[PDB]
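Each chain, written out:
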Amino acid sequence: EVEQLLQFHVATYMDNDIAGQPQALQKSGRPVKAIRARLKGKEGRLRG
Amino acid sequence: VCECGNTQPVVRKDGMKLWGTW
Amino acid sequence: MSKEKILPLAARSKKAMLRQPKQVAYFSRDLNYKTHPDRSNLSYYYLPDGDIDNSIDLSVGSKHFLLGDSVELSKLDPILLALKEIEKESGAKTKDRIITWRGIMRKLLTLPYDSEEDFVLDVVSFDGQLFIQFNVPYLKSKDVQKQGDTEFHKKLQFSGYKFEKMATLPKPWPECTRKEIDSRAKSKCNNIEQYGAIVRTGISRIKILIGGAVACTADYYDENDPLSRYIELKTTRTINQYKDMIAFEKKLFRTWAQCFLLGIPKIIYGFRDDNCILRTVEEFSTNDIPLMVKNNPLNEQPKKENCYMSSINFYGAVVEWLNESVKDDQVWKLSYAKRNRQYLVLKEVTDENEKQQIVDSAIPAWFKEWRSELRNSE
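Residues numbered from 1 in each chain as written, not as in the entry; some residues may be left out. Chains lettered and ligands numbered in written order. Part of a larger assembly, values for the part shown. Heavy atoms only, no water.

Listed as the method for this PDB entry is cryo-EM; the listed resolution is 3.4 Å.

Set out below in structure tokens:
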């Protein structure tokens, strides 16, 4: 279970929008900006 | 059947874990 | 000194992942509140599209509606009977921690966003397992408030139950007769007889054994995955304005939570007007509802925070708090006050007479001697 805890930590670190499970939420309530979204979407770097 | 005579269990994704069904 | 615990309402579980629930037992409560491990009271869904066109009124027979005792239906007798049966069959103590009903856990899940009702619950710790149910004096006070309800509310409740009667069958469709189908209009409606499923589910490291009242099944009973064919029914006022969508999605959140608890994959609504006339029948998927509400075209961005995932996190946090706080052989009370809507208060019970009465309401004597002889064997 602790291993799965670490797995979920790294999963939320890398991927934000994970299906069927909650995203990593900051202390302010906003989701944690995972590196997957850093290159996808308007806020992503690929669009610019 | 594989190419070994052993039945292949089905892997199901529960949450983030994978469970085998022999 | 009495010990009191306060849990902030903003508590959210980080890792409230759901293990797929499996039906480990089933029961059918009879008219005399006796539980038998059979599927006699299980219903089978059937409602053709063309039946809506008949403009069937949902108030035929409201004058002879039947209501069961709230205290009798709130007892955990069926779950304890199923637990004794599975313990005798296995011969080893189960690892389950939380014992509850579907409605209690739906109230605990929908509490932040459905804050128009008040409730008090009693928790009893026995053999390392927690059994939670309603509070008898508060339930009596609720009945006292209830007889002051107008006949319009009684007609609405009877309309919901009559819709459930009309949309179900007591047998599988091939095994039903015509008389059992067309006589549902004159069928007496009662809250006593019901079917339930005893299902093991998993939240984080906690195994919860839930007793969920199943309205009916899709077309048959699956002995491998019983949860996949289950279906329930609901009634809601029709929609004609923006406040109508708002109220309908508030009700949809509650019903989706109820279906998600017991793993019901599909949801069905019947729409009624101000005259209690069935207007439309709609069907939805449990896993599609969170996406359906967010992707509506009328209000694309009502809120930047998804309410459903927050609800699931609050449910997981409540489950974890209940498991961690309650110790062995302790009787506690969890009362939610809608006047505050700020935090959840957990209290201890010190009155020996009231504690014993609560235990007897939750744990019957015969189950006590059954667990006693199980302990002696252990």
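### Description of empty space enclosed by the protein
Residues and elements named next belong to chain C. Just so we agree on the cut-off: We place a 1 Å grid over just the protein atoms. Points where a 1.4 Å probe fits but has no way out form a cavity, open points with protein on both sides within 12 Å along at least 5 of 7 lines form a pocket, and any residue with an atom within 4 Å of a point lines it. Grid points are joined across faces, edges and corners, and a volume is the space filled by probe spheres set on the points. Secondary structure elements are defined from DSSP: runs of H or I of at least 4 residues count as helices, runs of E of at least 2 residues count as strands, and each element is numbered from the N terminus. By the convention adopted, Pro, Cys, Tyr, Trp, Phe, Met, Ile, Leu, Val and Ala count as nonpolar, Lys, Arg, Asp and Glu as charged, and the other residues, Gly among them, as polar.
By volume, the largest cavity is sized at about 140 Å³. Along its surface, the largest cavity is lined by 13 residues, and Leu 108, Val 318, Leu 322, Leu 334 and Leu 346 are the ones closest to its centre. Secondary-structure elements contributing two or more residues to the lining of the largest cavity are α3 (102-110), β6 (119-126), α9 (307-325) and β16 (343-348). Of all the elements, α9 adds the most residues to the lining of the largest cavity, at four residues. Partitioned by chemical class, the residues of the lining of the largest cavity number 13 nonpolar, no polar and no charged.

### What about the sheet that holds strand β7 (residues 129-134) of chain C?
Residue and element names in this part refer to chain C. Quick reminder of the rule: Note on pairing: DSSP must find at least two bridges between two strands before they are called paired. Contacts are assigned to residue pairs that have any heavy atoms within 4.5 Å of one another. Interaxial angle, 0 to 180 degrees, is taken between N-to-C directions of lines fitted to C-alpha atoms, where a helix line uses only the stretch in contact.
An order of β1-β16-β15-β6-β7-β5-β10-β9-β2-β3 is seen for the 10 strands of this open sheet, with the pairing classed as mixed. Of all the strands in the sheet, just β1 (4-8) and β3 (35-36) have a single pairing partner and so form its edges. Here strand β2 (residues 18-29) pairs with strand β9 (residues 194-203) via nine bridges, running antiparallel. Looking across to β9, one finds that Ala 25 is bridged to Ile 198. With respect to the sheet, helix α7 (residues 242-262) is in contact with β2, β9 and β10 (206-213), its orientation differing from that of β10 by roughly 120°.

### A few points about the interface of chain C and chain A
For clarity, the threshold we go by: Once two parts are put together, the accessible area they lose, assessed with a 1.4 Å probe and summed over both, is termed the buried area. Any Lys or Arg side-chain nitrogen found within 4 Å of a carboxyl oxygen on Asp or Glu counts as a salt bridge. The definition of a polar contact used here is a pair of N or O atoms within 3.5 Å, where within protein one atom must be able to donate a hydrogen and the other to accept one, and adjacent residues in sequence count solely through side-chain atom pairs.
Taken together, the contact pairs seven residues of chain C with 11 residues of chain A. Each partner contributes to the roughly 810 Å² buried at the junction of chain C and chain A, and carbon and sulfur atoms together form 65% of this total. Per-residue buried area on chain C facing chain A is highest for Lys 15, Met 17 and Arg 205 of chain C; these three make up 60% of the total on that side. The tally of links between chain C and chain A comes to zero salt bridges. Linking chain C to chain A there are two residue pairs in polar contact. Considering only residue class, the side of chain C that touches chain A consists of two nonpolar, two polar and three charged.

### Quick look at the nonpolar core
All names here are of chain C. We apply this condition: As used here, the term nonpolar core means buried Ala, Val, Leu, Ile, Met, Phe, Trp, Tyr and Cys residues forming a set that is joined through side-chain atoms within 4.5 Å. With a 1.4 Å probe rolled over the protein chains alone, any residue whose accessible area is under 20% of its type maximum counts as buried; one over 50% counts as exposed, and the rest are partly exposed.
In terms of nonpolar packing, the biggest core is built from 78 residues, with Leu 108, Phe 131, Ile 208, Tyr 315 and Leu 344 touching the most fellow members. In this view, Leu 108 contacts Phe 119, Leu 121, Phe 314, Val 318 and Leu 334; residues no more than four positions away in its chain are not counted. Of all hydrophobic cores here, the second largest spans nine residues; its members include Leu 47, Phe 163, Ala 215 and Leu 233.

### As for a positive patch on the surface
Which entries qualify depends on this criterion: Each patch is built from salt-bridge-free residues with over 30% relative accessible area, joining like charges within 9 Å and nonpolar side chains (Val, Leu, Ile, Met, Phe, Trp, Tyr) within 5 Å. All accessible areas in this document rest on Shrake-Rupley with a 1.4 Å probe, and a residue is counted as covered only by the protein chains that are shown. For the purpose of counting charges, residues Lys and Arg are taken to be positive, whereas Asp and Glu are taken to be negative. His and the chain ends are not included. The atom standing in for a charge is NZ when the residue is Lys, CZ when it is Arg, CG when it is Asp and CD when it is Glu.
Together, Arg 30, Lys 33, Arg 38 and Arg 45 of chain A make up a positively charged patch on the protein surface. On the accessibility criterion, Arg 38 of chain A (45% relative accessible area) is partly exposed.

### What to know about the packing of aromatic side chains
Residue and element names in this part refer to chain C. Put simply, the rule reads: Aromatic pairing here means that ring centres of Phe, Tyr or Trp (its six-membered ring) are within 6.5 Å. Orientation follows from the plane angle: under 30 degrees is stacked, over 60 is edge-to-face, and everything else is tilted. When the NZ atom of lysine or the CZ atom of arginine is within 6 Å of a ring's centre and also within 35 degrees of its normal, the charge is said to sit over that ring.
Under the defined criterion, the tally for this structure stands at 15 aromatic pairs over all chains. Arranged with centres 6.3 Å apart and planes meeting at 45°, the rings of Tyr 46 and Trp 173 form a pair that is tilted. In this pair, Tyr 46 sits in the loop between β4 (44-45) and α1 (70-74) while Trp 173 sits in the loop between β8 (168-169) and α6 (179-182), placing the two residues 127 residues apart along the sequence. On the numbers, 5.2 Å between centres and 10° between planes, the contact of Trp 256 with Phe 260 is stacked. Taken as a pair, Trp 256 and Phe 260 lie in helix α7 at a separation of four residues, close to a single helical turn. Residue classification places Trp 256 among the buried residues on the basis of a relative accessible area of 5%. Over the aromatic face of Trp 321 sits the side chain of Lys 5, whose NZ or CZ is 5.6 Å from the ring centroid.

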